[PDB]
Amino acid sequence: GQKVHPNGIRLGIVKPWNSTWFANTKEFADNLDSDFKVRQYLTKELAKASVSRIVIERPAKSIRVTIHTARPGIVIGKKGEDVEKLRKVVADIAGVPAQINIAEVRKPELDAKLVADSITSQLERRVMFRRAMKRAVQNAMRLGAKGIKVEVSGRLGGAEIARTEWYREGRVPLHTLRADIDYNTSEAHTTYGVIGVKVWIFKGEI
Amino acid sequence: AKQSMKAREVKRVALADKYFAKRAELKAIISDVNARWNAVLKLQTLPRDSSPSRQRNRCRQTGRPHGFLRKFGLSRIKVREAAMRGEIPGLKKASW
Amino acid sequence: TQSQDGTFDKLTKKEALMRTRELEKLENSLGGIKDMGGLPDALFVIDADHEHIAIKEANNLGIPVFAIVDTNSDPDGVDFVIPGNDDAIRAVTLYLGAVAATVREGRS
RNA sequence: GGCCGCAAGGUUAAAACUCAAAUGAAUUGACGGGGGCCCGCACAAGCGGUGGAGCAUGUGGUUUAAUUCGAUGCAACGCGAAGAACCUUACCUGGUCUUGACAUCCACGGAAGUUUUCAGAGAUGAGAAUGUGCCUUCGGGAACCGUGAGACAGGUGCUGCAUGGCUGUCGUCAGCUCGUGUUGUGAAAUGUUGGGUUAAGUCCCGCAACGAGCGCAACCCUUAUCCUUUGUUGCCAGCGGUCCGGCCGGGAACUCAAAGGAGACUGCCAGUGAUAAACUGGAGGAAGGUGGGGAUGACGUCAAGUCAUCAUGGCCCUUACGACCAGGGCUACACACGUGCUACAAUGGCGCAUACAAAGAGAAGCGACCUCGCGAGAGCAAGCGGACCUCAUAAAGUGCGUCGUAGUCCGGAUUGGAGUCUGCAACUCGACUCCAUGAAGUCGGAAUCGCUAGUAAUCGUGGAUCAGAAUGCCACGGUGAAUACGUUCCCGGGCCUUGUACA
């Protein structure tokens, strides 16, 4: 309706870049080209593996793929499953002879995609949102997370012209810039209707 | 995007410089002011289907033609959405 | 904690302009309640024509009231009732000081 | 049917039939020419075009084999498109390609690939040559070249009135609801209402409330002025070598160029006002009554925007709302109008000499010094790879006359063709340009739209869309206005309080 993306205004503010490489003019369009074919591809295997973010910097003809996760025991595989296999991709189709860096951020029900994609995993399970929202709001209210704002998109229950949702809770001061909001929309492909989700999480003043 | 243009994308981009990176040097004196003959003009358009003035600079990762950008190699809504996901490094909203 | 420590210097003084306005007014109506730790074990309204709004809420939950009612009151809420002189500032000291000579020994 | 009555009439008083109701009060909101309140380039004072015509554009209307579409009450229409010879093309055909353009999937051979004839408008196609590299534990292959065979590749294709995401507007408006508390049998109110005061639910005194979250605020970018930072590619106060050029020592200085601190808070006093905040003056400074502009759009009403960007519940053409090539048009006007620039002149065709800007642009480069083109432009092209170098130091401003508000000596059109530039590609549908050609127009009716200080404007300067198409678009330099009584009306409102058989 009438908004700005709460990351896009705050990358110039204390919320940092979730990818930051550098180059010059001619290769300036071919580098984030390579950075896109890994970010569409790391979703394709690390989907159930509790994916959080993907960070890419270019120190010298290499990318430091700094994967942030919360369930790393399934990410590693058979202790060597995903060391060179996920450096095999970046060598040619990204053109980057690079290394891999997996790392866990804890609290696996508090990151933006995690609160988002769990409800999708509960709506791919097709449980009642009226039982799903009311608990998955308070998972954030359990482990801290000073404020939440969760809108579930329509085509919910039996309807073809549906409504929106809210559960506003705590405090979500996104109109004030100094509020480091871990926001990430997701999408859940229930058969009738694209049931989407918008998740605002406030991780403390700075 | 006219998804069949992603067929005709490479067909109009690749062979443009795979024919006219070196063959333009092969005739680079004659029609220029250095002397004018028709054998180079027969060399010029004995085929037609190679053209380095046919590339419309289609967008990179989803291919929308309009609103393309020179520096970024991306178009109208994709420059926005990559800047909103933080996919573009060092790029905030312009304000001064 | 901003006051009992020296950590009120934070939030630079254009912010600390307005922050004294609760500090004027929070300690006005919350006087004898910061030292409190429980429900009031009794109840004492001094006059039954100003705070009969309060008495209407005071009789509502059953706590004994040592009131001093007026000649023109709705007296049937306070079931322990005194029609003493609840005007005349000279006289209102003559009951409050009369009670207070003993209540230190009241806790025994 | 009596009964009373001169009658006109009255009283007394049914049934068959027909409907699933008819009603009263009541709190929300609805509408009403109930009414009031405060603001807002709202209107009024103030200042210009527009509509008339030179004239750009699309929407158009016909024209067109096609002039693809989206948008369309204001918010469709020089901002979809930030760009049309082809491509784009969604449009039409001439040519045609059918396991295809391309991918999953296997078969079977060819390493792919490389030169060339041939014939075509090019695809396609007669093809010959050409090589047989690499993994190779030589069976097979990486991977395409190639068809045969199939699940089926493909459709800018339909309703944002199915929805995801994105988005116009009311609207920088100040509004919007909840947990507890009690009034009430409840629907619901109180929280949100008074005193006023502010840009403001901003804030205080009274609050039938206490409380919080969304929103206005500030956090932030910026510049209006310092110190410190530390001298390149940039500067010379001071000191000097000077072949006046920071040219060369030197000096980080004048100043320019980026990191990072101050200061501003009605702060201070006086006065206003309830002694409240708020405010009226003073002082100070570059800065005073959110320093100023940006940036930032709550619940949402709007079947509105993009199913043609991807996405997309549902429908669909699959030798095809396809694919595959040459080529044409989207630029016909014969013109209505939605928005602009040039004019119509108390200085324009002219020529002349002083003066100085920021903002920035660059290796499929910027392109100088030069030489040169009548101009358009040809060759020479250092340097910079970027405060070096190039791009490019310019304008009204002045010193001078010209020339007299005359359709020309204002104006600029219309019709024709030289000389190169660009691009294979422009005649239809590329512009710049030497010379003559010298229209319409003497400020444009009814009227409309727009704007409060480096302001309407009036002249300079780049950027992108970019093979070559800027009047505009997006940003920067200079000169510098007219002023503000007001809410009468109108627009745009809202809030606080009146009446209806209208969901």
Calculate the spin-label point distance for residue C:82 paired with residue B:77, positioning each point 7 Å from the Cα along the beta-carbon direction, and give it in nanometres.
7.9 nm
Can you classify the range A:83-139 as rounded, prolate or oblate using the Cα gyration tensor, where a ≥ b ≥ c are the square roots of its eigenvalues, rounded means a/c under 1.5, and otherwise it's prolate if a/b beats b/c and oblate if not?
prolate
Average partner coverage of A:12-19, which counts Cβ from other chains inside 10 Å:
3
With no solvent term and unit scatterers on the alpha-carbon positions of the protein assembly as shown, Debye gives log₁₀ I(q)/I(0) at q = 0.14 Å⁻¹ of -1.34
Just going by the charge dipole of chain C, with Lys and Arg at +1 and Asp and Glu at -1 on Cβ, which of C:44, C:18, C:55 is farthest out on the positive end?
C:18
What does the net charge come to around residue C:77 if you take all other residues with beta carbon closer than 12 Å to its beta carbon, with K and R at +1 and D and E at -1?
-4
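What size of dipole, in debye to the nearest 20, comes out for chain A about its Cα centre when the only charges are +1 on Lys and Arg C-beta atoms and -1 on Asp and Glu C-beta atoms?
Value, rounded to 20: 660 debye.
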Plugging the Cβ-Cβ distance of residue B:24 and residue A:163 into 1/(1 + (r/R0)^6) at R0 = 51 Å yields, to the nearest 0.05, a FRET efficiency of 0.25
Starting with the highest mean, order A:24-30, C:102-108, A:5-11 by the number of other Cβ atoms within 10 Å, averaged over the residues of each peptide.
A:5-11, A:24-30, C:102-108
Kindly provide log₁₀ I(q)/I(0) values, in the same order as q = 0.19, 0.20, 0.22 Å⁻¹, from the Debye equation applied to equal alpha-carbon scatterers of the range A:44-161.
-1.02, -1.08, -1.20
Tally the DSSP beta bridges in the protein assembly as shown and give the antiparallel ones as a percent, rounded to 5.
70 percent
Summing +1 for each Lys or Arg and -1 for each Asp or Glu, what net charge is found among the other residues whose Cβ lies under 10 Å from the Cβ of residue A:122?
+2
With +1 on the Cβ of every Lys and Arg and -1 on the Cβ of every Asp and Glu, the dipole magnitude of the protein assembly as shown about its Cα centre, in debye rounded to the nearest 20, is 4900 debye
The helix C:20-29 Cα axis meets the longest alpha-carbon principal axis of chain C at an angle in degrees, between 0 and 90 and rounded to 10, of 20 degrees
Förster radius 51 Å - calculated FRET efficiency between residue B:2 and residue C:16 (Cβ-Cβ, nearest 0.05)
0.25
What does the charge count around residue A:53 come to, taking other residues whose C-beta lies under 9 Å from its C-beta (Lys +1, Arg +1, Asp -1, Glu -1)?
0
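Which trypsin sites (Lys or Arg not before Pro) in the range A:64-141 pass both tests, a DSSP loop state and at most 15 other beta-carbon atoms within 10 Å?
Answer by residue number: A:78, A:79, A:106, A:125, A:126.
Only the coordinates and a few stated rules stand behind these numbers; no lab work does. Don't worry about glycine lacking a Cβ; one is built from the backbone with ideal geometry, like all the others, and counts go over all protein chains shown.
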